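Student: Residue numbers (the numbering used here), protein chains in the order written: chain W, 1 to 211; chain P, 212 to 263; chain Y, 264 to 369; chain Z, 370 to 422.
Every residue gets a Cβ at the ideal spot worked out from N, C-alpha and C, and that includes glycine.
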Amino acid sequence: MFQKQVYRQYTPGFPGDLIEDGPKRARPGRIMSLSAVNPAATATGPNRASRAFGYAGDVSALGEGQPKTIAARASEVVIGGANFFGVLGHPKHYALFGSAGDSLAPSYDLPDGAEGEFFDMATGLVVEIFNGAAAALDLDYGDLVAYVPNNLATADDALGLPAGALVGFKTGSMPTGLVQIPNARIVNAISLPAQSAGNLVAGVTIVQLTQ
Amino acid sequence: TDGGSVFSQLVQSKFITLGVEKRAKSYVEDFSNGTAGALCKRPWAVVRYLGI
Amino acid sequence: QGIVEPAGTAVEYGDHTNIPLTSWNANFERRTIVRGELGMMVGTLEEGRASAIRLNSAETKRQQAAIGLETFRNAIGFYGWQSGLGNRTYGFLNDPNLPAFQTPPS
Amino acid sequence: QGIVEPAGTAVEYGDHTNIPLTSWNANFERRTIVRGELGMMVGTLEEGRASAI
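1) For a contact meaning CB atoms closer than 7 Å, what does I282(Y) contact in chain W?
2) Helix or strand or just coil, what does DSSP make of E128(W)?
3) Would you tell me roughly how many angstroms separate the C-alpha atoms of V204(W) and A49(W), rounded to the nearest one?
4) For the segment 328-342 of chain Y, which residues have a CB atom closer than 8 Å to at least one CB atom of chain W, in sequence order?
5) Against chain P, does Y276(Y) count as a neighbour if the rule is that its beta carbon must be under 8 Å from one of theirs?
6) Quick one: Cα of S60(W) to Cα of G86(W), how far?
7) From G164(W) to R185(W), what distance separates their C-alpha atoms?
8) Would you mind giving the Cβ-Cβ distance between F130(W) and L166(W), rounded to the nearest angstrom? I have them listed as a contact below 8 Å.
9) With a 10 Å radius around its C-beta and 16 neighbouring C-beta atoms as the bar for buried, classify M409(Z) as buried or exposed.
10) Could you check if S103(W) is buried or exposed, using at least 16 other CB atoms within 10 Å of its CB as the buried criterion?
11) Residue range of the alpha helix (DSSP H) that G331(Y) falls in?
12) Could you spell out the range, first to last residue, of the beta strand (DSSP E) harbouring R27(W)?
13) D17(W) and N281(Y) - do their beta-carbons sit closer together than 8 Å?
14) Can you list, in chain order, the residues of its chain with a C-beta nearer than 8 Å to that of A135(W)? Leave out the 5 residues immediately preceding and following it.
15) Please classify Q365(Y) as buried or exposed, where buried requires at least 16 other C-beta atoms within 10 Å of its C-beta.
16) Considering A247(P), what are the terminal residues of the beta strand (DSSP E) in which it resides?
17) Check whether the segment 133-148 of chain W and the segment 26-37 of chain W touch, using three or more Cβ-Cβ pairs below 8 Å as the test.
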């Protein structure tokens with residue numbers, strides 16, 4: 001939308017980009033549509049970057065006759081998930097793919113059946129963080145993070161939250177229905193304002209230590 | 212990489228003659244033109260005052 | 264048209280310290296083309312009657328067609344075309360990404 | 370004296386849409402001419418006495 005203000009310095013980084021170099025683990029995968037989930041999904045959302053994903057199944061069979069050919073090792077994932085399969089990242093790898101209203105529009109969404117890179121271990125990862133309980137929250141250096149499941153009950157989801165959004169919380173208190181990513185730390189302090197249903201603040205970009 | 216071009220006007224054509232149709236007791240002509248508006252690439256180099 | 268938007272920040276030096284990284288984010292902007300039209304029609308009897316007062320009806324109507332198109336184009340430059348509905352045309356005094364008016368000292 | 374007063378407006382383009390048209394409407398104005406007069410009279414005796422001075 002063009003630069004309407006001149007600042008003294010540039011932004012540290014963008015969500016989905018690695019910000020520090022160190023030990024790292026990532027695997028490829030393919031995306032399943034939410035409609036294919038058998039017990040139906042109570043929480044829905046797009047396949048947006050910088051959001052958690054869950055394991056779905058194995059698609060390495062590649063055949064239908066009596067002798068099958070296993071020529072590759074592949075896995076497929078779902079946006080919400082209950083079996084953690086990393087966080088989507090590295091936006092420079094993919095393409096715009098266009099948008100519904102018009103192409104050439106900014107978006108982090110990815111179509112179903114596309115291939116992405118999901119990070120399990122990362123020294124520094126810029127992500128988009130959310131807030132729970134609809135109250136002002138200060139994270140500071142060492143809080144934990146969790147992500148919304150597909151099957152989150154509507155009672156525990158009063159604030160409309162995406163399918164796989166990342167939510168930070170203090171050690172003592174955690175929202176009732178969430179899945180905690182083991183051994184993850186906030187690393188970068190951040191403050192978030194109060195929230196309301198339908199008017200959730202998107203939060204601010206933040207560094208992450210996935211493992 | 213491009214030039215400054217803080218403000219510019221995008222014009223495709225100024226006058227186009229579509230055609231003429233002749234009838235028994237009259238005739239009709241048509242004309243057309245096209246434009247795309249104005250572009251502001253650098254809005255930080257513009258200052259405006261509503262008072263005077 | 265496109266934008267570049269680089270990013271990056273530095274930290275203090277260390278021998279075993281992790282390495283900070285830089286990146287960038289490109290965007291694109293679009294504008295829409297608007298077309299207009301105008302016509303004219305002359306009858307046989309009206310053309311002959313108008314010639315009685317030394318006035319050319321056909322030529323007079325032809326000139327108004329060109330002037331009306333120029334009024335349309337001039338207005339689009341100053342004010343956008345259906346920007347409220349969602350059309351991305353914009354104008355000199357109606358571009359949403361503009362610094363907005365202020366007040367003079369006097 | 371005469372006046373022209375043209376008219377016309379434009380619409381958006383369309384392959385199968387209708388064609389707008391233009392028009393004009395004339396008018397006239399008038400002024401009135403006025404005349405005046407003025408005369409003189411000279412008498413026989415007053416002419417002679419006028420030459421005295």
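Tutor: Let me lay it out:
1) When 7 Å is used as the limit between beta carbons, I282(Y) is near these residues of chain W: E20 and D21, in chain order.
2) In this structure, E128(W) counts as strand in the three-state DSSP scheme.
3) When rounded, the separation of the alpha-carbon atoms in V204(W) and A49(W) is 15 Å.
4) Those residues of the segment 328-342 of chain Y that come within reach of chain W (Cβ to Cβ, closer than 8 Å) do not exist; the list is empty.
5) For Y276(Y), the answer is no, since every Cβ of chain P falls outside 8 Å of its Cβ.
6) Distance between the alpha carbons of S60(W) and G86(W): 20 Å.
7) Taking the straight line from one Cα to the other gives about 18 Å.
8) Taking the Cβ atoms as the reference, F130(W) lies roughly 6 Å from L166(W), within the contact range of under 8 Å.
9) The C-beta of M409(Z) has fewer than 16 other C-beta atoms within 10 Å across all chains shown, which makes the residue exposed.
10) In summary, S103(W) is exposed, with fewer than 16 beta-carbon neighbours lying within 10 Å of its beta-carbon over all protein chains present.
11) Boundaries of the alpha helix (DSSP H) harbouring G331(Y): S320 to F341, taken from the DSSP string.
12) Membership of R27(W) in the beta strand (DSSP E) is indicated by the continuous run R25 to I31.
13) Result no, Cβ atoms of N281(Y) and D17(W) do not sit closer than 8 Å.
14) These residues qualify, in order along the chain: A194 and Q195.
15) Exposed is the call here.
16) Residues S237 to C251.
17) Taking 8 Å as the limit for Cβ pairs, the verdict is that the segment 26-37 of chain W does not touch the segment 133-148 of chain W.
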